[PDB]
Structure formats: structure tokens, C-alpha cells
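Per-chain numbering from 1; labels A, B, C, D, E, F and G assigned in written order.
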């Protein structure tokens, strides 16, 4: 049923995800979580994409409640928006220079992996093969 | 290419400055590298339009544009270093004028052609702020009576209005 | 009639334009996901249905306002309007 | 306070002080056309000129708020409403030969060309 | 020590950019990867989405949205015209004026049913006039200071603004076409700029914009710049299927 | 009131010896058509502002047949004639009413106005 | 120091007369004479740029307070 009021509510959550306070962003994130789990399967994925843009920056955070509601928003958003979109958000910071950022991205990618490890098989990038290893998957590009 | 943003307005932001640079032509650089203390605009800036005639006509246009409401001028980046130049060729352009009169000095004001306002076609006179009075001397000497475009030049020190 | 929907093997459908008088083959719009396609179909002038090697069928639609003629790795892209996990490799679609 | 004949001679646009443009049939017994009543402007106390587009697609009128109001003649729906003048917009005139050119005048002392 | 040896084990940003096959990506965050060849191949993969801006910054996420004055929230249209918003504004102003005393009194001798809820007005807003807001597609994270950012890379000539027209002397609106700007004048006079020779000026190197006027007064197109033999300055300054969706519900 | 007229243009006549009442032909629309344009559109932008009355304008009239001139009257006791095309200049100002002018009308040829 | 101002010129004094009267001191580079377009006459003054500054100085020495068209003119360095 939220498939009706999702549009009415988005510009208020984006409003409160551009800062107002810790608790402001903690709560807007909880709202995103529950909207996503409600609107699973009804096509309102453009709106949840838009709100991903605003939730994902809070990924580097410290306060337990804040980062925790953020992670919850990303599991909800994972079922509702699909695991491609979120693997793409999680691509570049897996192997990044800082260890705080490496660790948050491996926390996320772990939770994206545990649930729905089997979709990803068609979502992984193309990672070229150097000298003494083989890394491309020729299985997948047989023509037919 | 390099244009002096003079009367450079304080709050008139370099972003819309470059958007007007584009709305005129090759927006390649809009810069007002300011005081190392203030941050606000420093009265003269460098606007690079990577085409010379582009910057020339963009300057002729964005002069008198009401920057901070005030007319600010795009020019070449006052004890009477202005020279009167008559029998004037009406068939010139403004950057052509700057390059024809800038051979013996800078031009702190492009040649203001005293043309009639009823039409937009001149009667043959102008005045030009050069760099030096000896500059106006040398230029007005080499072009005293000499070969102008269609009506031969006649130049010297300018009157005051 | 004059558009191409190429479908590579891993990235996606990729909409390509043939401008005859300059005789160019130029890109304007592609997809935002990886999709190992096995076969696609046309539903209209802007909508393409795709199968996938892993089970799925999807329908992807160009936004309604595509600057068809012009001159990360793309300019403007298409959207996804349906997503279904059939359950087995779907090897041929057809509008009928 | 303001009446104009339509370009084809068939209709009178009478601005009525009750915030309505009333259409009378100019050749036919001077009967009011109850299907052609334009509402959604405010003209109480003002003599705001009404005019027609040359093709009769549109009706234009100024209001007491300085807005130009543009209705579709066919549906009677207000299509456009923008602030033209700072004060009351008194004159509104469509250019007889030009497809979009409208001239407005107001109690601000300005006359404005729109396209 | 171990840190010093691997720091020296690290390479130059030019080392990277020359090695790599896709050089757009390279940044010193990658040059500082313990596996920069990976890090860069990843960052150059398709469709992947880069880390937010703000891991470097010392300020937290939107504490930068703090300092400047911020407006509260603007409802959706279809809810302003559904007459529950106005209901709520009215009730608000009432109860902000009333004195502590009166709030306690309304709780007691209540104003029961001050305003009955209006149906089909609501149900039609939410079910008949609800509309897609503006959404941002995959990738465009919101960061603080986004409103400031200057906006560039419109090298296009036709790009004009209305304040641009006003403070340059040209027209705003439907006449931004039929108005050749004061720079197209010297485009016609001595040419368009020689780094936008891939730009054609409208009315000077392009044809008449819709219903333009030829003439030499203020408000026209003048002499479309042409050779003495008749060929214009460039270009032409004068001017010489079944998209139905398959599965759809009306 | 003392009747006075101010011409604001330097030249009363064009290069053919014709007054500013002569219907212009350099305009990209035929102002001698009796046929309306095939289809009108809604205006979107302000193109011009005739400034130069010192009080509110009370009526506006286009030139009959062709619309190339505009008469305006104002509470400043002045009537003004303006160009609609070209440089859109104030052509003439008529002075001689002791009080505000309320309305104006051309004759059918536009050679005279009341 | 090759350009000199010469005032007090009689209405008949022209560019050819000025060239003839100043040519004896040395070659002249330019002659500029302000005129009033409403009348078609000069304002009584002109600027002569000679090739040589020494020739201009000699012409200034010999021509200042001299007679030309029956009247005394003024000759000096223009700037």
C-alpha cells in the first residue's frame, strides 16, 4: 500500500537526510528501511534509488545507533532495489587506500553477500587476467 | 584571450561570470585571483576566451553590463593619456581597433567612436586611451594624415569633455 | 525501421543509431546493469525485452524523451520496467 | 467597463465586474453564451481590456494583481497566468498578425511586449 | 622498518597513470592502495559506484549544511490542492494564538468535530493526481555543499540565461530564439570565436530562429554574413516506428 | 491646456520620404495581410519594456490594419506613439490635456487619432 | 619629440601649406588638422610630426612667432 504515499514522502526524507542532526539522519534512515520492505515488487525503484544517493554518504559514521540504522536501511534497500545497484555502490571502496573505508565496504559487501549470494554471479565485473593467473570467465561469453 | 574584468563586482560570482563567458563564446577561464586575505572580488580579473576575436566582441558586449547593478567592463588585461583620432574609418571592429592602436602602447580604454545615436553609423571621429602620452604622440605621429582604412587617419592628443 | 538494439554478451542492450547521410554508427543510450543476455525482443520503438543466462527476463525502456539524433561509459541511459526470475534459462522471447 | 469585438465579428468579450468575462453573440440577438464564461482573474473596480488571439484560440485579460490571464477559447480553461505588471494590468492587446506577441500596459507606467 | 620499506615499495602517480589502461580514475587515494593495480581496475570497471566524497573531511556528514540558514519543507502540489494541508495550517494558527488556558478548555469542553475530514478530495489527490517527483538515477550521492558547486562544461553557444539576456541587453523567454545576442553581431561582423569554430551562431551562422526578422534596426537579424559571391560566412546564416508499449494498463 | 508636441526621433521621414505611419515590409511577417495567422501560441518571455510615462498607462491601441505602431495614454496628461518593430523607440509625445487621458482611438487609416 | 603643435593658423592655411612651410626643416611624417564638420573648417591649430626630432626642434626654433598667412602662429612640442 505504501506504493501510493512513497512519492509524497520522498522530498521530506531527502530534506532530513541532508543534515539536520544525528537523530534526524538516524530516523530518516529507518523510514527508508521500512518503505523499501513495503514497496518490494511494485516498481517504485527510482524513488529508492534517489534516496540511496542521500543515505549512502552516511556510511562513514561512528555513533552506534546512527550507523546501525544506516546498515538496516541498506539491507531493506537491498531486497527492494536489487543487488546489482548495491554491488555497484560497493565496488570502488573494497580495495581503497584507507582502512576505515576498506572495513566499512567489506562489512556491507559481507551482508550483501550472505543474503543473495547467488544473484551476484551475474553482477560481478570483468576483471582482466594478468600473466600467471586466469581471471576472465570464458564460460560466460561463449556465444550461441 | 585575456580580458580585464574591471569594476569587478564583489558578490557577482565567478560561476555566473563563466556562464556569461559561455553565453558569449569560448568560456575557457574565468578567474579573479583575489586578495590573499579577503576572498571577495579584487576589482580586476582575468577572463580568458580562448579565441581572440571572441574575447574582443564578448568584451564589447559585457562592457556596461550592470555587474552588481553597476557597469563593469571587459577590457585589456588618468593624466590625459587619451588621444583624439578623427577622419575615422567607420569600417573597423573593436578588437581590430585595439590591435591597430595598441602597437605603440597598451589601451586603457578601447577606441570610443563618437558615432551618431540616431542610426549606429559614425561620422568619423573617436578617442582612445592609450598607455602613455608619448605613446599617443608616436602613434598619432606615424598615423598623422597617414593611411587609414577608407578615410585617412588624423590623430593627436585628445580634448577633454 | 532505423534503430539498432545491439546486445553484447555481458554488459547489456546498447542502443545504436545509423545516420545515413553522414553514414555513422553512433551510441546514444545503453543500460545501467550487467546482464548476460541470451536473446532480446522488441516490444515497441523504445522498449526491449531481454532474457538472461541465469534465469531472468527483464523489460527495459528508453525514457520517453530520447534525443535520438546527436553526436560512466555512456551519455544517457535506459530504465528497467520489469524484472522476473523465471527459473530456467530462457532462450527465446517473441511478441505474439 | 471593457468590451471588445472578436476578430471574426461574431462574439463580444465583455469584462464583468464580478470577476468573469461574459461572451455575447454579436450578430445573433445579443444573447449570452452560457458555454463561454471565463473565470479565475480578479477585476473588481478595474477597466481591464480583454482581447482575442487572431485565430480565436485564446482570450487574454489583465487583472487587479498585475497578472496576464490567458484562457483557451475552446475549453474555457485558464492555460497561463503570470505576473506582467507590478500594479493592475489595464491594457491587454494581441498583435493582429503575430502568433505569440501580446502587449500589456499597467498603472505602474510601463508597457510590456510578451512573446 | 616494514612501513618505510612498503612506503618506498609504493610508486609515483605518474607510475600509475602510465601503467594503467584507463587513466581517468587515478587519484592519490588509489596511489595509496596496498594493491593499486586492483584498486584501479575496480574503479575503472563498468557501472560501479565510487566512495562518497567525505571520508577525508574532518567535518561530519552534513554539519556543513548546519551554518547557512535552511528553510523547512514544501509540500507536494497534489496535497496543497487536496485541502488537508490548509486544514492543518488553520488549526495551527488557531492553537498558537490560544492561551494555555483555552488549550486546557478545548481538551475539556471540546470543540468536537470542528472540521469534518473531506473525502474524495483526499482519495482523489492520493489516487488520481499523485505524480512522479524528480528522482536521481544510480550513483549521484548527495554530499554537503552541492548547492554551491559552480556548474561547467556547457561549451555550447546557444546556452543563454534570462538574467544573462537582461544584463547583456538581449531578450528573455520565447524571444531568446529570435533575439541574436550582442555577440552574434560581431560573429556576423568578423566571425565567431576561433575556438568555437564548431559553434554556429543563430541568425549569424545559423538560419532564422522561429519567425526571425531581417533588418538593420534594433530587433532584427541584419546581413547574414556571406561572401561577395553569395556563400555565407559558414553553414547557412539565411537557411536553405510505432513506439507503443507492449504491456500497459490505461 | 497649451498644445505641444515632442518628436523624439531625429528624422520624421525615412530614406524614401515616407512617415513612420508607412506599414514596414522589412518585418518577417506581412503586416498588410487581412488574414489572421494560422495558429497562435501563448507568450513565454518579456521581450521589451516601453518605459517613459511618469504615471500609470490608462489605455493602449495598436495602429489599425498593421499593428506596427502603438499609441498609449497615461495619467501624466501625455499621449505617446511608439514603434512595435525595429528599435521600439518612442516616436512622438503629444501634450495639451490639462488632466489625465482616459481613452484613445485611431481613425481606420491611422492618419488621425482622438 | 617629433610631433609639434602649431596654432594660430589662418583659415586659408591647409595641409599643403603646412607641408610647404615646414618641409624646409626636414622631412615630415604626418600632418593632422582638427576640423569642425558642421562648418568644414579647421579649429585654427594642427599637429605636424616630422621624421627627425632635431628637425622638429629646428623648425620649432625657427617657426615659433613666425608669420604664416599674415598672422603669427604658435609652434611647440605637442606632448
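By our rule, a residue touches a chain if its C-beta (ideal position, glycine included) is under 8 Å from a C-beta of that chain, and two chains touch if they have at least 3 such contacts.
J.: Write down the chain pair with more C-beta contact pairs when A-E is set against B-G.
T.: A-E
J.: Measuring centre to centre with CA averages, how many angstrom lie between chain E and chain G?
T.: 66
J.: I'd like the Å distance between the centres of chain B and chain C, where a centre is the mean of that chain's Cα atoms.
T.: Spacing between the chain centres: roughly 55 Å.
J.: Between chain D and chain E, what distance separates the C-alpha centroids? Give it in angstrom.
T.: Centre-to-centre distance between chain D and chain E: 36 Å.
J.: Compute the distance, rounded to whole Å, between the mean C-alpha positions of chain C and chain G.
T.: One centre to the other, that is 84 Å.
J.: Mark out which residues of chain C touch at least two other chains, giving numbers and ranges.
T.: Within chain C, residues 33-34, 82 contact more than one other chain.
J.: Touching two or more other chains, which residues of chain A qualify?
T.: Correct list: 46, 84-85, 125-126.
J.: Please output the residue numbers of chain B that touch at least 2 other chains, ranges allowed.
T.: none
J.: Who touches whom among the chains?
T.: In this structure, the chains touch in these pairs: A-C, A-E, B-E, B-F, B-G, C-E, D-E, D-F, E-F.
J.: Give the list of chain D residues in touch with chain E in this complex.
T.: Chain D residues touching chain E: 98-100, 114-115.
J.: Would you mind writing out the residues of chain E in touch with chain A in their complex?
T.: Within the complex, chain E touches chain A at residues 28-35, 38-39, 41-43, 45-55, 60-66, 70, 73-74, 76, 78-79, 126-127, 130-133, 135-144.
J.: Which part of chain A faces chain C closely enough to touch in the complex?
T.: 43, 45-46, 82, 84-85, 119, 121-126, 140-141, 143-144
J.: If you look only at chain D, which of its residues touch chain F in the complex?
T.: Listed in rising order, the residues are 7, 49, 53-55, 57-58, 68, 70, 79-80, 87-88, 90-91, 93-103, 105-115.
J.: Mind listing the chain B positions that touch chain F in their complex?
T.: Against chain F, the touching part of chain B is residues 118.
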